[PDB]
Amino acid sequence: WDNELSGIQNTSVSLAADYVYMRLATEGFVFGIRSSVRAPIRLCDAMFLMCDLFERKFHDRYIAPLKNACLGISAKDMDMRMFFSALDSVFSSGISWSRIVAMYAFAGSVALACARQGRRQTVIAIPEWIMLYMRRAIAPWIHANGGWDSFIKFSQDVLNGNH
């Protein structure tokens, strides 16, 4: 059954795969998992560029809280439970497009840390971590706040206003 929530979920995990492998490539880890861009191109562009902007210009507001939640966990021990707990530590106070960008950016950070430790099977699972995490609260929030199209408009506004 194709319904709007399952559609949002399919888009979220396609996007998570694109973003994780793109982020890895920016540091020279070229996994070659994908044959093509999996999410819609405009959305893939939007998430990659928003994550980059947040890493460069909004790191301590959006990304540091997730990293700090994981302080003292080695890359060898990073797992989906850690990932969920860190995300919970922010989303417990609310959901926003900026916090969703932070979740994807942080998944990239975790992927990079695992790739540097050679934990290949963990890296390739991180897109599923995002998909599974979003089922309980993020996915219905996205549905109620305009779908991924609303993220595109948000991203266009933010990216057009930063230079």
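Note that residue numbering begins at 1 and tracks the sequence as displayed.
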> Per the entry, where is the mean C-alpha temperature factor higher: 111-119 or 134-142?
Replying inline: 111-119
> Where do the C-alpha atoms have the higher mean temperature factor in this entry, in 99-107 or in 25-33?
Replying inline: 25-33
> Within this chain, which third does the Cα B-factor at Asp45 fall in: lowest, middle or highest?
Replying inline: lowest
> Relative to the other modelled residues in the chain, which third contains the C-alpha temperature factor of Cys51: lowest, middle or highest?
Replying inline: lowest
>> Test of reading the entry: by CA B factor among the chain's modelled residues, which third contains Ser14?
In response: lowest
> With respect to C-alpha B-factor, does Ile126 fall in the lowest, middle or highest third of the chain as deposited?
Replying inline: lowest
> Going by what the PDB entry lists, where does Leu71 fall on CA B-factor within its chain: lowest, middle or highest third?
Replying inline: highest
